[PDB]
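The chain below stands alone, shown as structure tokens; this is the form deposited in one PDB entry.
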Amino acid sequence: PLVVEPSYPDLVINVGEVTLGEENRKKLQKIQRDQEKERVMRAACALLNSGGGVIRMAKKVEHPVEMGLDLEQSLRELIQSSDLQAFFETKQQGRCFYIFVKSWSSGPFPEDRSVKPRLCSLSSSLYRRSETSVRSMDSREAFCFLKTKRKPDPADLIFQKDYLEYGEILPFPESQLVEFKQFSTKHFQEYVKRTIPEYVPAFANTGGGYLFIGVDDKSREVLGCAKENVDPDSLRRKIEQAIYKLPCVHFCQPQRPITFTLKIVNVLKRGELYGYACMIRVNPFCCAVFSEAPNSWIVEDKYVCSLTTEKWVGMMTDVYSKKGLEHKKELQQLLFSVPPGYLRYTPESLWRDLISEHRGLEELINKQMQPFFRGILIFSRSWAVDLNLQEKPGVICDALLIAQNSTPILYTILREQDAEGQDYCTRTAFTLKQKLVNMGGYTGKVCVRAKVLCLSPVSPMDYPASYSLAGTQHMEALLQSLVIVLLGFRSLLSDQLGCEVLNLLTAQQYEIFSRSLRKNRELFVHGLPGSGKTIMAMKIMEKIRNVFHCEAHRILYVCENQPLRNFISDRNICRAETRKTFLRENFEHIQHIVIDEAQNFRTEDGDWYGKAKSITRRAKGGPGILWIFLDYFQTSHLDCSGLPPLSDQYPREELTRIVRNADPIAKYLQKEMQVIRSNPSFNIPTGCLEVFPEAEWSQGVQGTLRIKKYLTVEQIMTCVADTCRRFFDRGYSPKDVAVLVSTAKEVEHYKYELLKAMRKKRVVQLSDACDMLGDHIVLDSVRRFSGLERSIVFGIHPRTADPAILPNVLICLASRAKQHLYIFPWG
């Protein structure tokens, strides 16, 4: 059999001894020549269909040799192209001859889904009647044929006859619908058996036809076969069995079998019975009829396995991140920008942590990356776990080098030399390469080299020069495939890419949303939870200056919560003040006002709306911008907010796409918004919550949502500390984490209790929401954190004194978490 070799960071199929060279292969017997060719072509087909690899064959001569014309032509028929160099590149060292096979197609959604087939085949076993001949459909022909079948005569005058006269000349030739066959007196009943699988599938697949057996092909004379050599009943049974044996694949309903008419009609000589003439009419078949199973091959597990008929048709006609595939270029330019002329180590925080923890790791890595002048070295605690493989103790870090003039190299740094270290690194490199092709959709020639390094004080395969990353184009394409691959797993870089995906979605929605600035002066923005409301407010405050040419101090931002106005104030895009400061102080020099979380405002101090109206309308440059952002799902009190009636809140814009939270968080927000709708507070006008999220919208970004209940306060603290330490080990910064409690009066208690547990995890710094720039965990109330967001949020015992306010707390908590949310309710 053919089996993939395990000691390689790639699919390596050893096809054994093969005779190479045209002259050497001409001296072979045809049987051995065809057997060796079929072995090598099985290997090539498997590697083409399985992400590419290397075919290893031991050659019977020491000196360099050509592959052989028959092998070359078989590869050409395999790829349906004379461009062999595109998919096959050969090397030879001593007795070993290598063919390096590129993947036929890459990714779950290739750019050629509707053009080229997913599979290469030695044969599709699909035959069509092509005029007077039967020809096999190649991969592309069969792809088009199945793509069509998947959409939702005088010969009959002869066929109707009950009998035929010996030597009768048929009045028609062989054509698209007719075939004549004559067989010897001896083998008639056996030659019919081999005739059926070739002409019945062809007629069935190409509009049907008539098969006359017993008609001289040249003179068209009816001859039949002598009565003594044929039993009509046995012949009919055999033909029926052979026809019904044919493997048919259905794309339709009903799935009735192959339909045909068979007649064994007497041939009379002078009126006496001379023999029997066999006539088959093959009515067109609804779908594809195969003469036998397709000769397509694939590597599954560690074997080279032949694809079944149904599995082949499925591959030929029919966690991946579609958003990642869409934004791969932007995401690559963001996270994996390839610099012009130096080797970049990323993530930089993780690299610093590694070199600090491990003595000599910096010197090791820098001495090892001497040969590389341009590229990126993507570090990780363990690329194995990043790719859903098993963690190996003793592995300090894994670094994926993507440098110029070099192949990708997966480095594994071991604190102590280990026997299984090279096996672990090879497994990780093989998984990475297979993912870069099959999931990342890399259509170029890729090989990830596994290379183990030891901090304490089988040869690699030499790939062609076309597997080296020549320059910017190849490095960027490989890195964009790596982006797509990473967005399919849970890891530090995957989460960073997900954050950038959320930022890109928010930018898209803001591009759609900012076109209202030219159209409105007053505008009440009704954003749903996680809809980007505050990001839109910031970007609109930037665009207001960009358009009206007014200096930043002329734009005012008003919010209810001090943490939010501090966060907005540190952006330097405007002046940011709280509701109370807004009412107290003078702002006659302000032209534009943006008011955010207006549903959280209060009337107890004054008419904030009236003040904003006066300031904006009395502006010198016409009526200034007065945009009031608000979310009624995130109300924080039962009193009237001073907003105008709902009927008065016009013109309106609605941010209904959730773009700030990962999919698990967004689904939870959508679920809880139904609970909010079920019983709105009395200060919430009933018709406001009738805003619904976009029905078919999804973020396509992985998140986390763990709800742990019936746990005590100390258990909550220890779980939070353990999760924080696990994140920080992987490389998440402390400024990605926030702990949100029910109310402020509990903030100090929970701060002390959480420090008590975090002193075991080596970070003893917590802060209120008023400081968001420091690299520290933020502990505060859910309400005080309104408007702000963090990647990882721990929601601790959501609570309020009045059930009329309670429902909104869970939304106001979940909407703060971008990717990871941990909720610890009462129980």
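Note that residue numbering follows the sequence shown and begins at 1. Between two forms, the rigid core is defined as the largest C-alpha subset superposing within 1.5 Å.
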Interval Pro457-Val458, deposited residues with no coordinates in the entry (none, 1 to 3, 4 to 9, 10 or more) | 10 or more
As recorded in the PDB entry, how many deposited residues are without coordinates between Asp162 and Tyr163: none, 1 to 3, 4 to 9, or 10 or more?
-> none
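There is also a form deposited in another entry; it is not shown, and the following applies to it.
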Which listed residue (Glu551, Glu588, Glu272, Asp648) has a Cα shift of at least 2 Å between this form and the one not shown, rigid core superposed?
-> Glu272
Against the rigid core, is the Cα displacement of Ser234 between this form and the one not shown at least 2 Å?
-> yes
Any chance the CA of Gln160 moves 2 angstroms or more between this form and the one not shown, core superposed?
-> yes
After fitting the rigid core, is the C-alpha of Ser133 off by 2 Å or more between this form and the one not shown?
-> no
